[PDB]
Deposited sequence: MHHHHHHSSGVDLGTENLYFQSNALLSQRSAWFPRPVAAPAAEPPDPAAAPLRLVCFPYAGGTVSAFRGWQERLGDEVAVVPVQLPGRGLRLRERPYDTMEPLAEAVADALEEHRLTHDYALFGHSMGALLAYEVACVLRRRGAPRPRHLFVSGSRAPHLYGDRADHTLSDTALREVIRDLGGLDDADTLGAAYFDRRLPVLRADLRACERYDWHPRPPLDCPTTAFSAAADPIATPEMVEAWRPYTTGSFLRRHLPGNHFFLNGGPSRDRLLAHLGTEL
């Protein structure tokens, strides 16, 4: 019997290929949104010796409902010819002046890492005393609470000694390939920035009113759950601590960066 009644289905060889069930994912069409018109503006502050570069790629990860507005402090990038501030208060006042002048003091949140967390805090306090609108949210990472600053004296150490602390903390993994000479470029700005945190002495004041989310890191000696837990009374709004796997310089890239961004996205 060679007739058509006697025919049988055979395994479909096309379906054995990976791409039949699992096509490779597809990138979306690549804005960015205008800071002036965005529903929310996330004003971001770097760590000591850092620049707005830390925030590259945040915009694409966070999407179109928030404008990422990194702040470039004097002494770096296009501002390389300007003396860096070395005291927290005038810096925070100059940032507050800049935010007001450029009309960034509505529908905004603040983010800062390490020194930039303290700066973000100090900026929130200055804006409050001026009667400006409060932030929608304050995000701090890699930072102990303000009253816990003052312990350290890194900005006094020698070039080599300071560089080794930065290396030790995870800020100099590049050196393996780029050589350490690269880093010495940053020394004057790093020292100025560091002086602002290290000579800081928290004077008691009322807590803020904005929600605050703080991030601790498992491998950060200076961001342990309890140093970061200490931010809790600095606001009369809701407080959350989220814990991350990385070190003091996780901002630079990896799982912790991705998770920070995710957490940020949940609260914006």
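- Several segments of the deposited sequence are absent from the coordinates, namely 1-11, 42.
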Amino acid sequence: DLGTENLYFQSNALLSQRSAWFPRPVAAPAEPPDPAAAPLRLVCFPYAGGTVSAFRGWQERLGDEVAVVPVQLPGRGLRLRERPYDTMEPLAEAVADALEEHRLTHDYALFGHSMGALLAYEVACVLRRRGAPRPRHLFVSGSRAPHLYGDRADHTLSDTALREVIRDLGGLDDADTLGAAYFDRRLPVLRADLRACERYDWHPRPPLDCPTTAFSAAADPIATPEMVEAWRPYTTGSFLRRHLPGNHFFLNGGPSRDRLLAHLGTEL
From here on, numbers count along this sequence of modelled residues.
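- In this entry, 234-242 has the higher mean Cα B-factor, the comparison being between 56-64 and 234-242.
- As the entry records it, the average C-alpha temperature factor is higher for 149-157, out of 75-83 and 149-157.
- Across the residues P33, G49, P211, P70, the deposited record lists the maximum Cα B factor for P33.
- Between the residues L138, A181, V95, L118, it is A181 that shows the highest Cα B-factor in the PDB record.
- Compared with the other modelled residues of the chain, the Cα B-factor recorded for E164 ranks in the highest third.
- Among the modelled residues of its chain, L7 has a C-alpha B-factor that falls in the middle third, as given in the PDB entry.
- Looking at the C-alpha B-factors along this chain, the one for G112 belongs to the lowest third.
- Sort the modelled residues of the chain by CA B factor and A196 lands in the middle third.
- Per the PDB record, residue ranking by Cα B-factor puts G142 in the lowest third of the chain.
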